[PDB]
């Protein structure tokens, strides 16, 4: 039926290097597939002046190369992305995306780093 809505919180975050960062994602409908019991939810990272990069898929599965500091969690409609110890290279906009029926990207969370 109607198209899936994605919401992200907060819109922007400022943290110091070495701190934990948690960003949220909300879905208008459950993204949990009854077939494999996996959530059709992905996290992308877009660094300034570069195209987006896949970090997490299936809500919690890390893409090849992605460090263990990046951790996706959640099920159904409520999801989070966690960075255990934020590095200077983590300056980027993080988007969640549903890929259940069609695709929808969330607003994005701007991750800024304190000096």
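Residue numbers count along the first chain shown, from 1.
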Looking only at C-alpha temperature factors in the entry, 66 to 74 or 40 to 48, the higher average sits in 66 to 74
For 50 to 58 versus 29 to 37, entry-based mean Cα B-factors point to 29 to 37
For residue 9, the third of its chain by CA B-factor is the middle
Among the modelled residues of its chain, the C-alpha B-factor of residue 96 falls in the third labelled middle
